[PDB]
2 protein chains.
Amino acid sequence: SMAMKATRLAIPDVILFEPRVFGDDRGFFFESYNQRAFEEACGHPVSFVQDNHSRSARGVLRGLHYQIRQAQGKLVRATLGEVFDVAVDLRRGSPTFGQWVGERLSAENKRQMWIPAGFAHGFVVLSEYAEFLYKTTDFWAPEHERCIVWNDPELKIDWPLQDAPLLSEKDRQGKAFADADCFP
Amino acid sequence: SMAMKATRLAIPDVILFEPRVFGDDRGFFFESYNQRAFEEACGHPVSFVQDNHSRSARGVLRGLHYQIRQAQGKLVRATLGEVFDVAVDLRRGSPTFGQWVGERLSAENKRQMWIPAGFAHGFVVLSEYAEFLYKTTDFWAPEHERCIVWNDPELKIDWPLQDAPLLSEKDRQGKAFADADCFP
């Protein structure tokens, strides 16, 4: 059936991958991506054109981001530390439109999320520092990126936080879900 | 001309990439791969089918590996710690056949190497621990992988080591360069 776990989440097009590890803490190997397993998992062909690597401190929240033109699927993981990663379904006519799912991803649990075109995406850093990396199917373009505010009362995402997040001005100024332009 | 440095090494098909960083140590972003920049750099189209992530302790040397069937280009980087990474040209009729190049790659310098099909590849870990990741154009298959011994007197690679490396039995039993089957 495979040789890295794939799990459909409450929103079925959002998928959680868990690679099999070979070795232990002193010395290990794992596949962080296999085209065959991945394409068999999500049901269609995918091409990744860009990889993006970032480092953010504790409590930094980046989201909820999405591009309507140059739409992107994103396969996300943590190589250092721990994030809580969130996908919001924004697809015209989706039976789960306006719903969110969230998973803790870390360098320890080695978990990943596939967030297809049509979703908004965000994460908050829970560890002292987190290094986050993702593969996209089209290029990150700021002039096309849109944003829904992290703490929108209608989505009412359950961020595992005890303190206020540290947001950029842009994310602070995120649109309310109500007011958001969504995907055709 | 770009927006991540690309440098041809003494063997010109082996390429060193350096991403531009946005931010600083407390919080940064960089592109670890851009299809356009990469394909413009190496002169042809490339497809990556598999990503592999590993953790190895100080002084562990893995190499010098290559696959004759299911031949692979490899784009390699360190996300934790520091390796010395080595590419050996094994292409039939190459004007630099039997030559090596080596660069220190680390999470600090963010440098990467493209090692095309036709080369052997190896690294030694210099920091307390190193996490190494690479993208290949075809799948890692042990039944096809071959090996030249790290300390071959003819290649005479200049490993920046003060102590003996820790090798697997397989790499200990690597072929002498003289005796090695190479690439058509």
# chains A, B, ... in the order shown; residues from 1 in each chain; ligands from 1
>>> interface_residues(of="chain A", to="chain B", cutoff="7 Å", atoms="only C-alpha atoms", output="PyMOL selection string")
chain A and resi 26-35+49-57
>>> write_last_selection(atoms="N, CA, C and O atoms", output="PDB file, in the first residue's frame")
ATOM      1  N   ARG A  26      21.002   8.776  16.833  1.00  0.00           N
ATOM      2  CA  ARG A  26      22.436   8.956  16.559  1.00  0.00           C
ATOM      3  C   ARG A  26      22.773   8.955  15.079  1.00  0.00           C
ATOM      4  O   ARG A  26      23.896   9.302  14.696  1.00  0.00           O
ATOM      5  N   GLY A  27      21.820   8.536  14.249  1.00  0.00           N
ATOM      6  CA  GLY A  27      22.097   8.319  12.832  1.00  0.00           C
ATOM      7  C   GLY A  27      20.928   7.683  12.118  1.00  0.00           C
ATOM      8  O   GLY A  27      20.672   6.482  12.277  1.00  0.00           O
ATOM      9  N   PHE A  28      20.216   8.500  11.339  1.00  0.00           N
ATOM     10  CA  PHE A  28      19.016   8.045  10.643  1.00  0.00           C
ATOM     11  C   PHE A  28      18.905   8.457   9.175  1.00  0.00           C
ATOM     12  O   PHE A  28      19.580   9.378   8.693  1.00  0.00           O
ATOM     13  N   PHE A  29      18.034   7.751   8.471  1.00  0.00           N
ATOM     14  CA  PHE A  29      17.680   8.123   7.131  1.00  0.00           C
ATOM     15  C   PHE A  29      16.181   8.035   6.923  1.00  0.00           C
ATOM     16  O   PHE A  29      15.541   7.094   7.414  1.00  0.00           O
ATOM     17  N   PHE A  30      15.617   9.012   6.208  1.00  0.00           N
ATOM     18  CA  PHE A  30      14.231   8.905   5.713  1.00  0.00           C
ATOM     19  C   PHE A  30      13.984   9.650   4.398  1.00  0.00           C
ATOM     20  O   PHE A  30      14.692  10.613   4.076  1.00  0.00           O
ATOM     21  N   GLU A  31      12.999   9.181   3.632  1.00  0.00           N
ATOM     22  CA  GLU A  31      12.567   9.848   2.416  1.00  0.00           C
ATOM     23  C   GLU A  31      11.590  10.953   2.762  1.00  0.00           C
ATOM     24  O   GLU A  31      10.499  10.666   3.253  1.00  0.00           O
ATOM     25  N   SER A  32      11.945  12.210   2.504  1.00  0.00           N
ATOM     26  CA  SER A  32      10.999  13.297   2.783  1.00  0.00           C
ATOM     27  C   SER A  32      10.017  13.565   1.622  1.00  0.00           C
ATOM     28  O   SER A  32       9.076  14.365   1.769  1.00  0.00           O
ATOM     29  N   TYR A  33      10.233  12.885   0.493  1.00  0.00           N
ATOM     30  CA  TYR A  33       9.387  13.003  -0.703  1.00  0.00           C
ATOM     31  C   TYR A  33       9.709  11.901  -1.705  1.00  0.00           C
ATOM     32  O   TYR A  33      10.870  11.658  -2.030  1.00  0.00           O
ATOM     33  N   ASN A  34       8.668  11.244  -2.190  1.00  0.00           N
ATOM     34  CA  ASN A  34       8.781  10.226  -3.231  1.00  0.00           C
ATOM     35  C   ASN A  34       7.621  10.487  -4.184  1.00  0.00           C
ATOM     36  O   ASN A  34       6.459  10.371  -3.772  1.00  0.00           O
ATOM     37  N   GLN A  35       7.941  10.864  -5.427  1.00  0.00           N
ATOM     38  CA  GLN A  35       6.953  11.233  -6.439  1.00  0.00           C
ATOM     39  C   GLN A  35       5.854  10.179  -6.580  1.00  0.00           C
ATOM     40  O   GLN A  35       4.667  10.515  -6.610  1.00  0.00           O
ATOM     41  N   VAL A  49       7.922  23.454  -8.224  1.00  0.00           N
ATOM     42  CA  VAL A  49       8.787  24.353  -8.980  1.00  0.00           C
ATOM     43  C   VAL A  49       9.700  25.170  -8.078  1.00  0.00           C
ATOM     44  O   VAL A  49      10.657  25.774  -8.553  1.00  0.00           O
ATOM     45  N   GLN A  50       9.414  25.181  -6.778  1.00  0.00           N
ATOM     46  CA  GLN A  50      10.108  26.058  -5.845  1.00  0.00           C
ATOM     47  C   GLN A  50      10.091  25.461  -4.435  1.00  0.00           C
ATOM     48  O   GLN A  50       9.059  24.918  -4.005  1.00  0.00           O
ATOM     49  N   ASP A  51      11.222  25.537  -3.728  1.00  0.00           N
ATOM     50  CA  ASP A  51      11.289  25.151  -2.290  1.00  0.00           C
ATOM     51  C   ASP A  51      11.676  26.364  -1.469  1.00  0.00           C
ATOM     52  O   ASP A  51      12.557  27.127  -1.846  1.00  0.00           O
ATOM     53  N   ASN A  52      11.041  26.520  -0.322  1.00  0.00           N
ATOM     54  CA  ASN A  52      11.241  27.711   0.462  1.00  0.00           C
ATOM     55  C   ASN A  52      11.573  27.267   1.867  1.00  0.00           C
ATOM     56  O   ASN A  52      10.931  26.348   2.385  1.00  0.00           O
ATOM     57  N   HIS A  53      12.591  27.900   2.454  1.00  0.00           N
ATOM     58  CA  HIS A  53      13.116  27.559   3.771  1.00  0.00           C
ATOM     59  C   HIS A  53      13.047  28.806   4.650  1.00  0.00           C
ATOM     60  O   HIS A  53      13.436  29.894   4.224  1.00  0.00           O
ATOM     61  N   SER A  54      12.535  28.664   5.867  1.00  0.00           N
ATOM     62  CA  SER A  54      12.441  29.810   6.750  1.00  0.00           C
ATOM     63  C   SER A  54      12.788  29.493   8.210  1.00  0.00           C
ATOM     64  O   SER A  54      12.679  28.343   8.642  1.00  0.00           O
ATOM     65  N   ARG A  55      13.235  30.515   8.945  1.00  0.00           N
ATOM     66  CA  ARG A  55      13.428  30.406  10.385  1.00  0.00           C
ATOM     67  C   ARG A  55      12.650  31.503  11.120  1.00  0.00           C
ATOM     68  O   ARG A  55      12.774  32.688  10.803  1.00  0.00           O
ATOM     69  N   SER A  56      11.848  31.095  12.098  1.00  0.00           N
ATOM     70  CA  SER A  56      11.013  32.012  12.861  1.00  0.00           C
ATOM     71  C   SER A  56      11.082  31.613  14.326  1.00  0.00           C
ATOM     72  O   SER A  56      11.130  30.416  14.636  1.00  0.00           O
ATOM     73  N   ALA A  57      11.088  32.631  15.202  1.00  0.00           N
ATOM     74  CA  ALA A  57      11.137  32.494  16.661  1.00  0.00           C
ATOM     75  C   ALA A  57       9.797  32.098  17.282  1.00  0.00           C
ATOM     76  O   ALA A  57       8.764  32.119  16.618  1.00  0.00           O
TER      77      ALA A  57
END
>>> residues_around(residues="residue 91 in chain B", least_positions_apart="4", cutoff="7 Å", atoms="only C-alpha atoms", output="list in words")
residues 97, 118, 182, 183 and 184 of chain B
>>> atom_distance(atom1="CA of residue 156 in chain B", atom2="CA of residue 101 in chain B")
11.2 Å
>>> residues_around(residues="residue 114 in chain A", least_positions_apart="3", cutoff="7 Å", atoms="only C-alpha atoms", output="NGL selection string")
:A and (14-16 or 74-76)
>>> write_last_selection(atoms="N, CA and C atoms", output="PDB file, in the first residue's frame")
ATOM      1  N   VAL A  14      -6.784  17.404   2.164  1.00  0.00           N
ATOM      2  CA  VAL A  14      -5.608  17.750   2.977  1.00  0.00           C
ATOM      3  C   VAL A  14      -5.070  16.449   3.566  1.00  0.00           C
ATOM      4  N   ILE A  15      -3.782  16.193   3.327  1.00  0.00           N
ATOM      5  CA  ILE A  15      -3.177  14.899   3.637  1.00  0.00           C
ATOM      6  C   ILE A  15      -1.974  15.052   4.551  1.00  0.00           C
ATOM      7  N   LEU A  16      -1.903  14.186   5.559  1.00  0.00           N
ATOM      8  CA  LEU A  16      -0.767  14.134   6.468  1.00  0.00           C
ATOM      9  C   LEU A  16       0.150  12.953   6.107  1.00  0.00           C
ATOM     10  N   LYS A  74       0.944  23.157  -1.628  1.00  0.00           N
ATOM     11  CA  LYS A  74       2.097  23.340  -0.756  1.00  0.00           C
ATOM     12  C   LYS A  74       2.291  22.074   0.066  1.00  0.00           C
ATOM     13  N   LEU A  75       3.515  21.558   0.096  1.00  0.00           N
ATOM     14  CA  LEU A  75       3.814  20.400   0.932  1.00  0.00           C
ATOM     15  C   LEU A  75       4.809  20.860   1.983  1.00  0.00           C
ATOM     16  N   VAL A  76       4.368  20.858   3.231  1.00  0.00           N
ATOM     17  CA  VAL A  76       5.038  21.565   4.275  1.00  0.00           C
ATOM     18  C   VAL A  76       5.584  20.616   5.333  1.00  0.00           C
TER      19      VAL A  76
END
>>> residues_around(residues="residue 102 in chain B", least_positions_apart="6", cutoff="9 Å", atoms="only C-alpha atoms", output="list in words")
residues 84, 85, 86, 87, 123, 157, 158 and 159 of chain B
>>> atom_distance(atom1="CA of residue 116 in chain A", atom2="CA of residue 63 in chain A")
15.6 Å
>>> select_by_dssp(residues="chain B", states="alpha helix (DSSP H)", output="number ranges by chain")
B: 35-42, 169-172
>>> select_by_dssp(residues="chain B", states="strand (DSSP E or B)", output="ChimeraX atom specification")
/B:4-8,15-19,22-24,27-34,50-57,60-67,74-80,82-89,91,100-106,112-115,119-125,129-136,145-148,166,175,183
>>> write_last_selection(atoms="C-alpha atoms", output="PDB file, in the first residue's frame")
ATOM      1  CA  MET B   4      20.657  32.996  -6.148  1.00  0.00           C
ATOM      2  CA  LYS B   5      24.415  32.715  -6.946  1.00  0.00           C
ATOM      3  CA  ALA B   6      25.475  29.879  -9.264  1.00  0.00           C
ATOM      4  CA  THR B   7      29.173  29.084  -9.685  1.00  0.00           C
ATOM      5  CA  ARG B   8      30.725  26.538 -12.023  1.00  0.00           C
ATOM      6  CA  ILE B  15      27.692  23.722  -9.704  1.00  0.00           C
ATOM      7  CA  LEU B  16      27.661  25.507  -6.355  1.00  0.00           C
ATOM      8  CA  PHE B  17      24.470  27.450  -5.483  1.00  0.00           C
ATOM      9  CA  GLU B  18      24.186  30.138  -2.805  1.00  0.00           C
ATOM     10  CA  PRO B  19      20.699  31.432  -1.983  1.00  0.00           C
ATOM     11  CA  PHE B  22      15.997  37.786   3.431  1.00  0.00           C
ATOM     12  CA  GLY B  23      16.008  38.677   7.144  1.00  0.00           C
ATOM     13  CA  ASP B  24      18.665  37.717   9.694  1.00  0.00           C
ATOM     14  CA  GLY B  27      14.102  35.314  11.452  1.00  0.00           C
ATOM     15  CA  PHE B  28      14.944  34.627   7.821  1.00  0.00           C
ATOM     16  CA  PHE B  29      13.651  33.421   4.504  1.00  0.00           C
ATOM     17  CA  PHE B  30      15.386  31.904   1.471  1.00  0.00           C
ATOM     18  CA  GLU B  31      14.573  29.899  -1.667  1.00  0.00           C
ATOM     19  CA  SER B  32      16.358  26.543  -1.468  1.00  0.00           C
ATOM     20  CA  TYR B  33      15.249  25.670  -5.052  1.00  0.00           C
ATOM     21  CA  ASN B  34      13.745  27.542  -8.001  1.00  0.00           C
ATOM     22  CA  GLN B  50      12.754  11.854  -4.518  1.00  0.00           C
ATOM     23  CA  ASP B  51      14.101  13.845  -1.505  1.00  0.00           C
ATOM     24  CA  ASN B  52      16.216  12.171   1.113  1.00  0.00           C
ATOM     25  CA  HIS B  53      16.965  13.449   4.619  1.00  0.00           C
ATOM     26  CA  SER B  54      19.664  12.066   6.899  1.00  0.00           C
ATOM     27  CA  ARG B  55      21.371  12.626  10.263  1.00  0.00           C
ATOM     28  CA  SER B  56      24.973  11.530  10.869  1.00  0.00           C
ATOM     29  CA  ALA B  57      27.422  12.151  13.751  1.00  0.00           C
ATOM     30  CA  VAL B  60      30.904   9.722   9.634  1.00  0.00           C
ATOM     31  CA  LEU B  61      31.841   9.451   5.933  1.00  0.00           C
ATOM     32  CA  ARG B  62      29.348   8.185   3.401  1.00  0.00           C
ATOM     33  CA  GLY B  63      30.690   7.593  -0.107  1.00  0.00           C
ATOM     34  CA  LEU B  64      31.813   7.442  -2.739  1.00  0.00           C
ATOM     35  CA  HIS B  65      28.435   6.447  -4.114  1.00  0.00           C
ATOM     36  CA  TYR B  66      26.965   6.258  -7.604  1.00  0.00           C
ATOM     37  CA  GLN B  67      24.371   4.330  -9.620  1.00  0.00           C
ATOM     38  CA  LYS B  74      21.784  15.009  -6.960  1.00  0.00           C
ATOM     39  CA  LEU B  75      21.287  18.472  -5.477  1.00  0.00           C
ATOM     40  CA  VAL B  76      22.688  18.433  -2.003  1.00  0.00           C
ATOM     41  CA  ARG B  77      22.629  20.699   1.056  1.00  0.00           C
ATOM     42  CA  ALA B  78      23.123  20.769   4.846  1.00  0.00           C
ATOM     43  CA  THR B  79      20.196  22.033   6.950  1.00  0.00           C
ATOM     44  CA  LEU B  80      22.028  21.272  10.215  1.00  0.00           C
ATOM     45  CA  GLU B  82      28.598  21.120   8.343  1.00  0.00           C
ATOM     46  CA  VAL B  83      29.779  18.580   5.808  1.00  0.00           C
ATOM     47  CA  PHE B  84      32.588  18.477   3.289  1.00  0.00           C
ATOM     48  CA  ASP B  85      30.938  17.298   0.103  1.00  0.00           C
ATOM     49  CA  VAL B  86      32.780  15.640  -2.787  1.00  0.00           C
ATOM     50  CA  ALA B  87      31.975  14.918  -6.450  1.00  0.00           C
ATOM     51  CA  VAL B  88      34.106  12.630  -8.645  1.00  0.00           C
ATOM     52  CA  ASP B  89      33.784  12.715 -12.464  1.00  0.00           C
ATOM     53  CA  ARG B  91      31.972   9.957 -17.365  1.00  0.00           C
ATOM     54  CA  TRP B 100      37.268  15.569  -7.893  1.00  0.00           C
ATOM     55  CA  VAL B 101      35.932  18.787  -6.418  1.00  0.00           C
ATOM     56  CA  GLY B 102      34.918  19.473  -2.821  1.00  0.00           C
ATOM     57  CA  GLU B 103      33.140  22.214  -0.937  1.00  0.00           C
ATOM     58  CA  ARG B 104      32.145  22.771   2.660  1.00  0.00           C
ATOM     59  CA  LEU B 105      28.348  22.963   2.877  1.00  0.00           C
ATOM     60  CA  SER B 106      26.546  23.971   6.058  1.00  0.00           C
ATOM     61  CA  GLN B 112      24.448  23.579  -2.234  1.00  0.00           C
ATOM     62  CA  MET B 113      26.014  21.383  -4.913  1.00  0.00           C
ATOM     63  CA  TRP B 114      24.532  19.987  -8.109  1.00  0.00           C
ATOM     64  CA  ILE B 115      26.253  16.709  -8.906  1.00  0.00           C
ATOM     65  CA  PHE B 119      29.685  11.363 -10.861  1.00  0.00           C
ATOM     66  CA  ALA B 120      30.429   9.622  -7.572  1.00  0.00           C
ATOM     67  CA  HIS B 121      29.381  11.441  -4.405  1.00  0.00           C
ATOM     68  CA  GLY B 122      30.463  11.477  -0.778  1.00  0.00           C
ATOM     69  CA  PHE B 123      30.580  13.627   2.310  1.00  0.00           C
ATOM     70  CA  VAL B 124      32.169  13.673   5.739  1.00  0.00           C
ATOM     71  CA  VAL B 125      30.526  15.240   8.793  1.00  0.00           C
ATOM     72  CA  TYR B 129      26.004  16.324  14.027  1.00  0.00           C
ATOM     73  CA  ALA B 130      24.929  17.031  10.444  1.00  0.00           C
ATOM     74  CA  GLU B 131      21.601  16.866   8.743  1.00  0.00           C
ATOM     75  CA  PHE B 132      21.939  16.345   5.047  1.00  0.00           C
ATOM     76  CA  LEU B 133      19.275  16.515   2.409  1.00  0.00           C
ATOM     77  CA  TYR B 134      19.260  16.033  -1.330  1.00  0.00           C
ATOM     78  CA  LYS B 135      16.953  15.915  -4.338  1.00  0.00           C
ATOM     79  CA  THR B 136      17.559  13.170  -6.950  1.00  0.00           C
ATOM     80  CA  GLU B 145      24.607   1.515  -6.096  1.00  0.00           C
ATOM     81  CA  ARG B 146      28.381   1.133  -6.524  1.00  0.00           C
ATOM     82  CA  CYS B 147      31.198   2.503  -4.380  1.00  0.00           C
ATOM     83  CA  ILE B 148      34.779   3.740  -4.684  1.00  0.00           C
ATOM     84  CA  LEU B 166      33.513   6.251  10.736  1.00  0.00           C
ATOM     85  CA  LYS B 175      36.239  -0.525  -4.970  1.00  0.00           C
ATOM     86  CA  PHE B 183      29.476   5.535 -16.726  1.00  0.00           C
TER      87      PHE B 183
END
>>> decode(residues="range 4-23 of chain B", atoms="N, CA and C atoms", output="CSV table (one decimal), in the first residue's frame")
chain,number,residue,atom,x,y,z
B,4,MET,N,19.9,33.9,-7.0
B,4,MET,CA,20.7,33.0,-6.1
B,4,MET,C,22.0,32.7,-6.9
B,5,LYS,N,23.1,32.9,-6.3
B,5,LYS,CA,24.4,32.7,-6.9
B,5,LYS,C,24.6,31.3,-7.4
B,6,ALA,N,25.1,31.1,-8.7
B,6,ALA,CA,25.5,29.9,-9.3
B,6,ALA,C,26.9,30.0,-9.8
B,7,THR,N,27.8,29.1,-9.4
B,7,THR,CA,29.2,29.1,-9.7
B,7,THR,C,29.6,27.7,-10.2
B,8,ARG,N,30.1,27.7,-11.5
B,8,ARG,CA,30.7,26.5,-12.0
B,8,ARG,C,32.0,26.3,-11.3
B,9,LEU,N,32.2,25.0,-10.9
B,9,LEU,CA,33.5,24.6,-10.2
B,9,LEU,C,34.5,24.2,-11.2
B,10,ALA,N,35.7,23.7,-10.7
B,10,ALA,CA,36.8,23.3,-11.5
B,10,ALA,C,36.4,22.3,-12.6
B,11,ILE,N,35.5,21.4,-12.1
B,11,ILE,CA,34.7,20.6,-13.1
B,11,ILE,C,33.4,21.3,-13.4
B,12,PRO,N,33.2,21.8,-14.6
B,12,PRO,CA,32.2,22.9,-14.9
B,12,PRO,C,30.8,22.5,-14.7
B,13,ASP,N,30.5,21.2,-14.9
B,13,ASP,CA,29.1,20.6,-14.8
B,13,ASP,C,28.7,20.5,-13.3
B,14,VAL,N,29.7,20.5,-12.4
B,14,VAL,CA,29.4,20.6,-11.0
B,14,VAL,C,29.2,22.0,-10.6
B,15,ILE,N,28.1,22.3,-10.0
B,15,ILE,CA,27.7,23.7,-9.7
B,15,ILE,C,27.4,24.0,-8.2
B,16,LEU,N,27.9,25.1,-7.7
B,16,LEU,CA,27.7,25.5,-6.4
B,16,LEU,C,26.6,26.6,-6.3
B,17,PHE,N,25.5,26.4,-5.6
B,17,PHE,CA,24.5,27.4,-5.5
B,17,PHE,C,24.5,28.1,-4.1
B,18,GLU,N,24.3,29.4,-4.1
B,18,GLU,CA,24.2,30.1,-2.8
B,18,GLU,C,22.9,31.0,-2.8
B,19,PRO,N,21.9,30.6,-2.0
B,19,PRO,CA,20.7,31.4,-2.0
B,19,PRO,C,20.9,32.8,-1.3
B,20,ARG,N,20.2,33.8,-1.8
B,20,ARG,CA,20.0,35.0,-1.2
B,20,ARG,C,19.1,34.9,0.0
B,21,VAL,N,19.5,35.5,1.1
B,21,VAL,CA,18.8,35.4,2.4
B,21,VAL,C,18.0,36.7,2.6
B,22,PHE,N,16.8,36.6,3.1
B,22,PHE,CA,16.0,37.8,3.4
B,22,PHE,C,15.7,37.7,4.9
B,23,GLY,N,16.1,38.7,5.7
B,23,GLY,CA,16.0,38.7,7.1
B,23,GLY,C,17.4,38.5,7.8
